[PDB]
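Only one chain is shown below, in structure tokens, and it's the form deposited in one PDB entry.
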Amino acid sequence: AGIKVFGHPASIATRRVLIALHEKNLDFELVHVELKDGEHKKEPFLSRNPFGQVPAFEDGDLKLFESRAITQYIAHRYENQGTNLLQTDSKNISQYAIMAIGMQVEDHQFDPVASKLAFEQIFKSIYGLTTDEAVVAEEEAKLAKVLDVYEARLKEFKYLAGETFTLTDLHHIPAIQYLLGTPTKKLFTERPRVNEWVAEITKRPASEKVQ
């Protein structure tokens, strides 16, 4: 439909992409890739992503993978529709770079820690597996250090990259949606600017659509 997302609706990375599409009011098809049958590890999925992970993506003839490459593509290709996901002046190179810092930070500092915490507290427990409280304590200490940085940043700017909501903020949303269903929620709540930021970005309609 121009646009197809090959993913899984529960996947943090698939949700990143979905949220960006909804922000742009785009029409698309979500094709739910059957992980139980190893569809991700077979042709033709492997021709969309030779690493065999979700999501992959198509916009007409253009074939992409890696969620953050896809969201950037959406933000540029559909720049003049829906929510602007770039900086207000998107051609300003120095402002772009400031947003790029935040995108890197999300990827390196936030996402791995948030992903472990979600797995330990949500995914495991639903089986009968016992959440490893030492992993949870270690990862929460890391996440608290990250969120202390975010708190200081959000004292100076409304959103992470400046005055407006961008890809930097968007990329956090799916992991945060999951963590708000765990006791790790307290880390967000106890930091007042972080708490306001979380409340704002998770109440967006595009965010609620994928939840």
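Counting begins at 1, following the sequence as shown. For clarity, a rigid core is taken as the largest C-alpha set superposing within 1.5 Å between two forms.
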query	finding
Stretch exceeding the other in mean C-alpha B-factor - 47-55, 142-150	142-150
Comparing 27-35 with 167-175, the one whose average Cα B-factor in the PDB entry is higher	27-35
Out of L85, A114, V135, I101, residue topping the C-alpha B-factor column of the entry	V135
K91 by Cα B-factor - lowest, middle or highest third of the modelled chain	highest
Relative C-alpha B-factor of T131, binned into the chain's lowest, middle or highest third	highest
Third of the chain's Cα B-factor distribution that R193 belongs to, per the entry	highest
Assigned third (lowest, middle, highest) for the C-alpha B factor of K203	highest
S125 by Cα B-factor - lowest, middle or highest third of the modelled chain	highest
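Unshown form deposited in another entry; subsequent notes refer to it.
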query: Of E156, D37, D27, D61, the one whose Cα moves 2 Å or more between the shown form and the other one after core superposition; finding: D37
